[PDB]
Protein chains: 2
Amino acid sequence: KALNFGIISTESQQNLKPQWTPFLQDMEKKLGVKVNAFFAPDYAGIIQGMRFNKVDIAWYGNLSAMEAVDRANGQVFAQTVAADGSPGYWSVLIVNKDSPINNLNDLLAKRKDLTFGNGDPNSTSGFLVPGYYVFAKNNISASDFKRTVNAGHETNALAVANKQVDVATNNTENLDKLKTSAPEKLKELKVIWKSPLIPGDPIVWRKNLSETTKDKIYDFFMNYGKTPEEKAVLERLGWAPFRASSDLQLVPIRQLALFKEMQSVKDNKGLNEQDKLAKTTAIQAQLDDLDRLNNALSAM
Amino acid sequence: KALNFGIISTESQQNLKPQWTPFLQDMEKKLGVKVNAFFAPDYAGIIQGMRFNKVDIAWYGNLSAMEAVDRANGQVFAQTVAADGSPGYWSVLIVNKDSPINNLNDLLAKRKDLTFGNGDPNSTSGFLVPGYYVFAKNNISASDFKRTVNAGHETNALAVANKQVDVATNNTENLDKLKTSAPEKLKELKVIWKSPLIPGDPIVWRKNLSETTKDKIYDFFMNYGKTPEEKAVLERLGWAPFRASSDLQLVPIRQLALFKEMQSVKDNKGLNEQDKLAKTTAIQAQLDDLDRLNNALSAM
């Protein structure tokens, strides 16, 4: 009967509950069923919950949604939209305002002496996007820093603010939620690198939900936001009304995942040729498929 | 080594070869391999050839492409484009110019006394599209005519012209190729019903072709038409340069196939309720999936 709604650990539950509870209470009123929040210590807990039918619908990032579609019987059906009109969000590297580091060059030059707060291994902005553009494209490794730990966006931002880690990954959403959870902390941060645009986060359901359940859920998302009270709830989440979506929104993250695999395989001093060819062509086939799909979407 | 290119039986081979041979000769010159035409007596022969790896690439209609994707390891990668700027093509019912039948009402009123040339069971414009809008939506059957045979578009158009069958399915492309194959025959035809727009026909390859083969084929299609001689070959096929495409172009035909299944199941005097519900909801789940996908494409 009750629905379980998975919420990724971008922030503490303490900070998430006040944004999410009124939304899930509105969902309950409209679906006529109980809706329970499902949290986990990392993104993998939501994906695994969905794989085992313990999570029915979830808010994911694009990378964790990709893994849920591939591994957890997931399907995207809606996309979040920034309340401020931004067309997606961006990944960043942050250091403290008192750091003499001002750009990626200065960072990489001193990496052996600096501690690094990397993201959740399933985070688009926390892990994959800096993982390709900062590390892979520079032929370096998070292991090349003095010390590295993985943590969620809120933990990383506060550790940099609090001078507990020298640099960390983060994102522009999470930085804006600092204006709420922790404002004098935002003033202690300085962005030294910003990614290309990342698409807005998907909402995903498990494909084995009934037809009538999906229709009710989809109607709820597509129509949410039409009243004053729903507008106020979206505003607190940092969102405008949702957009219809599909697994096609994941293409640029699939591409980025294969690009990282490619830049890795090609920077790999430890394969021969019969075998750097075989692996290169297998990743290339997949990239070609996504390029052709993109060409098709463009020409529609 | 050699590629087999499947060509659906919209016309006789006698009429197809002069349009197709120069195109396939240009393909050979560019791919540096032999390209052989693969014909069959009906569309099913091309789909089955692809299923058994005897056909590598094919020009299909949307319905036969749907069946090849579902059954024959096919994938759409390009779409044909009308040389005259039309945005797709249309299905028709034709009678002879000397018939007193002028519209679908007159036709259906006298159907018990008329012979009917239906299309190839795998033809979009010959079978499925009139099958839903003419027959299913009118709660009637091709069995309700005096006699019915299935035949390809050219055979049907000539039989109506030649006063050998009273009415037949056809399409606006095939009628325009009559201006070429058989002009005084076109003057003997009268269109009494026209469908909504059908998307342009896809070109499809089998998914197990190598990465380098697909890249060469795709490059050939995307770039064809840039020279005088290639323009002349496309013009003879009735085409402009190709458009990048994907399996997403098949959505409206998938929908139409499910609509026909639905109108059938709901006009079915011979199921109970526990069972008109179970089948109705299964077809509805699929239609809902395609509606959601359409909503997503629209909102991109």
# chains A, B, ... in the order shown; residues from 1 in each chain; ligands from 1
call {"tool": "interface_residues", "arguments": {"of": "chain A", "to": "chain B", "cutoff": "7 Å", "atoms": "only C-alpha atoms", "output": "list in words"}}
result
residues 211, 243, 244, 245, 246, 285, 293, 295, 296 and 299 of chain A
call {"tool": "select_by_dssp", "arguments": {"residues": "range 38-172 of chain A", "states": "strand (DSSP E)", "output": "PyMOL selection string"}}
result
chain A and resi 38+57-59+74-82+91-96+115-118+147-150+167-171
call {"tool": "write_last_selection", "arguments": {"atoms": "C-alpha atoms", "output": "PDB file, in the first residue's frame"}}
result
ATOM      1  CA  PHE A  38      13.731   6.500   2.584  1.00  0.00           C
ATOM      2  CA  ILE A  57      10.232   6.306  -6.416  1.00  0.00           C
ATOM      3  CA  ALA A  58      13.341   8.424  -5.856  1.00  0.00           C
ATOM      4  CA  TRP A  59      15.009  11.739  -6.406  1.00  0.00           C
ATOM      5  CA  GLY A  74      14.571   2.235 -12.663  1.00  0.00           C
ATOM      6  CA  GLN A  75      12.988   4.531 -15.225  1.00  0.00           C
ATOM      7  CA  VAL A  76      13.175   8.325 -15.321  1.00  0.00           C
ATOM      8  CA  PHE A  77       9.810  10.057 -15.744  1.00  0.00           C
ATOM      9  CA  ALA A  78      10.338  13.679 -14.527  1.00  0.00           C
ATOM     10  CA  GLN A  79      13.177  16.209 -14.205  1.00  0.00           C
ATOM     11  CA  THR A  80      13.648  18.863 -11.588  1.00  0.00           C
ATOM     12  CA  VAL A  81      13.838  22.488 -12.661  1.00  0.00           C
ATOM     13  CA  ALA A  82      15.773  25.243 -10.878  1.00  0.00           C
ATOM     14  CA  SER A  91      29.948  21.013 -10.212  1.00  0.00           C
ATOM     15  CA  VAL A  92      32.716  23.058  -8.399  1.00  0.00           C
ATOM     16  CA  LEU A  93      35.925  22.692  -6.473  1.00  0.00           C
ATOM     17  CA  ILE A  94      35.927  24.752  -3.305  1.00  0.00           C
ATOM     18  CA  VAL A  95      38.677  25.928  -1.019  1.00  0.00           C
ATOM     19  CA  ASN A  96      38.517  28.204   2.009  1.00  0.00           C
ATOM     20  CA  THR A 115      43.896  17.163   1.635  1.00  0.00           C
ATOM     21  CA  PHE A 116      41.003  16.403  -0.743  1.00  0.00           C
ATOM     22  CA  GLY A 117      37.322  15.896   0.076  1.00  0.00           C
ATOM     23  CA  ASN A 118      36.023  13.839  -2.812  1.00  0.00           C
ATOM     24  CA  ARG A 147      44.993  12.493   1.788  1.00  0.00           C
ATOM     25  CA  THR A 148      41.540  11.951   0.328  1.00  0.00           C
ATOM     26  CA  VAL A 149      38.185  11.033   1.823  1.00  0.00           C
ATOM     27  CA  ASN A 150      34.785  10.609   0.230  1.00  0.00           C
ATOM     28  CA  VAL A 167      39.827  21.409  -1.113  1.00  0.00           C
ATOM     29  CA  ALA A 168      36.637  19.514  -1.938  1.00  0.00           C
ATOM     30  CA  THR A 169      34.127  18.835  -4.685  1.00  0.00           C
ATOM     31  CA  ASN A 170      30.689  20.373  -4.428  1.00  0.00           C
ATOM     32  CA  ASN A 171      27.958  21.902  -6.583  1.00  0.00           C
TER      33      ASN A 171
END
call {"tool": "residues_around", "arguments": {"residues": "residue 230 in chain A", "least_positions_apart": "4", "cutoff": "10 Å", "atoms": "only C-alpha atoms", "output": "PyMOL selection string"}}
result
chain A and resi 22-23+26+223-226+234-236+241
call {"tool": "residues_around", "arguments": {"residues": "range 130-137 of chain B", "least_positions_apart": "2", "cutoff": "7 Å", "atoms": "only C-alpha atoms", "output": "PyMOL selection string"}}
result
chain B and resi 125+127-128+139-141+260+263-264
call {"tool": "write_last_selection", "arguments": {"atoms": "N, CA, C and O atoms", "output": "short mmCIF file (atom, residue, chain, number, x, y, z; two decimals), in the first residue's frame"}}
result
data_model
loop_
_atom_site.label_atom_id
_atom_site.label_comp_id
_atom_site.auth_asym_id
_atom_site.auth_seq_id
_atom_site.Cartn_x
_atom_site.Cartn_y
_atom_site.Cartn_z
N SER B 125 1.10 1.98 -44.50
CA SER B 125 0.00 2.67 -45.28
C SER B 125 -0.95 1.65 -45.96
O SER B 125 -2.15 1.95 -46.18
N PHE B 127 -1.91 -1.45 -44.80
CA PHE B 127 -2.60 -2.33 -43.91
C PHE B 127 -2.95 -1.70 -42.55
O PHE B 127 -4.09 -1.58 -42.22
N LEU B 128 -1.97 -1.27 -41.79
CA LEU B 128 -2.23 -0.87 -40.44
C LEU B 128 -3.05 0.39 -40.33
O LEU B 128 -3.97 0.45 -39.58
N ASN B 139 -15.94 -0.29 -36.79
CA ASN B 139 -16.43 -1.57 -36.28
C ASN B 139 -16.72 -2.55 -37.42
O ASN B 139 -17.73 -3.29 -37.37
N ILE B 140 -15.89 -2.51 -38.44
CA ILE B 140 -16.02 -3.43 -39.55
C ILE B 140 -14.67 -4.07 -39.86
O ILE B 140 -13.63 -3.72 -39.26
N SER B 141 -14.69 -4.94 -40.85
CA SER B 141 -13.66 -5.91 -41.14
C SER B 141 -13.43 -5.95 -42.65
O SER B 141 -14.37 -5.77 -43.38
N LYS B 260 -5.22 0.16 -32.28
CA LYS B 260 -5.96 -0.86 -33.01
C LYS B 260 -6.23 -2.07 -32.12
O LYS B 260 -7.37 -2.62 -32.08
N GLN B 263 -9.03 -0.79 -29.68
CA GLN B 263 -10.36 -0.60 -30.28
C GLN B 263 -10.95 -1.94 -30.61
O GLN B 263 -12.22 -2.12 -30.64
N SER B 264 -10.05 -2.89 -30.82
CA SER B 264 -10.42 -4.27 -31.05
C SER B 264 -10.91 -4.95 -29.81
O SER B 264 -11.97 -5.60 -29.85
#
